[PDB]
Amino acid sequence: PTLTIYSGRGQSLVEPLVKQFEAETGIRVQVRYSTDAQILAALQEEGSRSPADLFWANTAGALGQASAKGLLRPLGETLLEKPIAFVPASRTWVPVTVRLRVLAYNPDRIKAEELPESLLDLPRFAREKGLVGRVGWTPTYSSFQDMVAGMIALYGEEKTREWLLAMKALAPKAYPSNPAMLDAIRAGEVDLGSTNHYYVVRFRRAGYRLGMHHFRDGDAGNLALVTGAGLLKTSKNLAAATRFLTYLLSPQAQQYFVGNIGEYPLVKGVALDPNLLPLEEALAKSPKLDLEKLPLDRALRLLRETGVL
């Protein structure tokens, strides 16, 4: 028995889990590591001999794309009852973890009670607190672009533009990664920036002091970012692949996601870091959107068009 996984998630995240699954089950697992976008391309040129069994994606959007193309199998209630939220409308993939957009800040240099209630108001807050040149962002980062796509869905292009241009007027510093940006907050180069919650979790665990601000309920700045996995219609190993999806939603694998990776789990029965907002409170702060249908290409166009990207 064998299993082939196309993974848009990183090898450092996936490998330890695949190894334990192999050790436990006797099933040989082969993984192809790529980006979600590149996997979507590969899936549309697949042979019939040894096709992939599973698509494990970094984003709901990529799985929604695979689903829209009719490449994914329906999943059953036995599996889909496990995650507490974010089960797709299509019901053709299972959400595995969630990552929350947040506002990171240095708590010694920035006062928690003064931070704005909406991401849209960040430029005004910065402007009025004297922080021109002291705001970071990550324009080339996947989740940042997802967040902008969220803003387009919720607010339309003009409020999003005014936001993008008002941010640009702040002379913000762009970082090639989130750890780079959080290191710059530590350094004193910038005081705050929009990021994913788990980067803050990782910095705190290393002993660094970072604040984690959430915007008002439903704000675009709180976008929930879901990872997930789907069974390919041409899987020749249906039982083994379903077994692997079940494994990803198991208490121990979910503790690995919370623990080794820092992401939010989607099952109960798992222990969170102290000072980390509990899972269901975190979910309540995110806007209600179809994560399978975020206007990502419009966001990218709008970012490329405005010279932020």
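Numbering starts at 1 and follows the sequence shown. In this text, the rigid core denotes the largest set of C-alpha atoms whose superposition between the two forms falls within 1.5 Å.
Rigid core fits of the other structures in 5 other deposited structures of this protein place the C-alpha atoms of one stretch farther away on average; of 276-284 and 65-73, that stretch is 65-73. Comparing the two stretches 85-93 and 105-113 by root mean square C-alpha distance in 5 other deposited structures of this protein, with all structures fitted on the core, the more displaced one is 85-93. Looking at 177-185 and 162-170 together, the entry lists the larger mean B-factor for 162-170, computed on C-alpha atoms.
Stretch comparison (193-201 versus 127-135) by mean CA B-factor in the PDB entry places 127-135 on top. Note on the listed residues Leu272, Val267, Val31, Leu245: the highest Cα temperature factor in the record is that of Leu272. As recorded in the entry, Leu120 carries the highest CA temperature factor of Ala104, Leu120, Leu100, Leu71.
Ranked by C-alpha B-factor against the other modelled residues of its chain, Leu115 falls in the highest third. Placement of the Cα temperature factor of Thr227 within the chain: lowest third of the modelled residues, per the deposited record. Ranked by Cα temperature factor within the chain, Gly61 sits in the middle third according to the deposited record. Among the modelled residues of its chain, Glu46 has a C-alpha B-factor that falls in the highest third according to the deposited record.
Sorting the modelled residues of the chain by their CA temperature factor places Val14 in the lowest third.
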